[PDB]
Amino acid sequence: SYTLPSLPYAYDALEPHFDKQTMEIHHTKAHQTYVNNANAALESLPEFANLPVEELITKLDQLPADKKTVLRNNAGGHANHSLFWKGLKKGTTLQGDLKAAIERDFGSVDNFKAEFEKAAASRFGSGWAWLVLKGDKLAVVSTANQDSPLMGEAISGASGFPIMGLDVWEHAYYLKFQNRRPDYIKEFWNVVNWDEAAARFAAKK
C-alpha cells in the first residue's frame, strides 16, 4: 500500500509565496484522498500493489479495464503530488549543468520561464505544467487533471521524464490568488527547488 509522505518542511516554510493554509489542506486532505482511492483500487491487485507509484503509472494499459481510470486519476494524483512537495523549497539557485542545459535548449533562462509560464497559463481546466527530459533535450509540456508525462503520449498526450512540475488545479491557488493564476505562477519561481531539479536531471531516471 502507498503511504502519504510527510512534508520535508513546515506548512508555512513557503511563506510568503505559498500560503500555509493551502499547503496544509492540499497535503492532508487532497493528497490524502488520492492515496486512499489508489490503495482501495489496488486491494485486489497484489501484482501491481507492490510496484512503486512512479512505475505503476507507466503500466496503466496493463490493468484490468475497470481499474485503469480510477488508478490513472488517483495513482497519478499520488505520484504528481509526491514529486511536487519535494520540488519546493526557498533559497535555492539555478546553476550547474541544469542551467547550461536550459540555456542550451531554450536560449536562456528567461526564454524558458516565458515558455513554462505560457504552458501553465494556457492549460484550460485542471492540470499540470512540466519541464521534462525527452532523451537529451529539455521541453515544456502540460497534462490534464492528474495525468503525468510518465504515463506516455497515448494516455497523457505528453511524454518524458519529469524534472519539475507546477500544479495548476484551482485548489492549489484559489484561497490566496483566487482567479489570478498568473500571479500564482510568478510566485512559483520563488519556491521552486532547483537543487531537487538538478538532482533529478543528473539521475535522468
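One rule holds for the numbers: they count along the sequence shown, beginning at 1.
For the C-alpha atoms alone, is the average B factor greater in 140-148 or in 40-48, going by the entry?
Looking at the record's C-alpha B-factors, the answer is 40-48.
Averaged over C-alpha atoms, is the B-factor higher for 122-130 or for 97-105 in this PDB entry?
According to the PDB entry, the answer is 97-105.
Looking at 166, 175, 63, 35, which has the highest Cα B-factor in the entry?
Across 166, 175, 63, 35, the entry lists the biggest C-alpha B-factor for 63.
Quick check for you: using the entry's CA B-factors within this chain, is residue 112 in the lowest, middle or highest third?
Ranked within chain, residue 112 CA B lands in the highest tercile.
Among modelled residues of the same chain, the CA temperature factor third for residue 78:
As the PDB entry reports it, the C-alpha B-factor of residue 78 lands in the lowest third of its chain.
Residue 86 by Cα B-factor - lowest, middle or highest third of the modelled chain:
Middle third.
Third of the chain's Cα B-factor distribution that residue 67 belongs to, per the entry
Ranked within chain, residue 67 CA B lands in the highest tercile.
Where the record places residue 6 (Cα B-factor, split into thirds across the chain)
Middle third by C-alpha B-factor.
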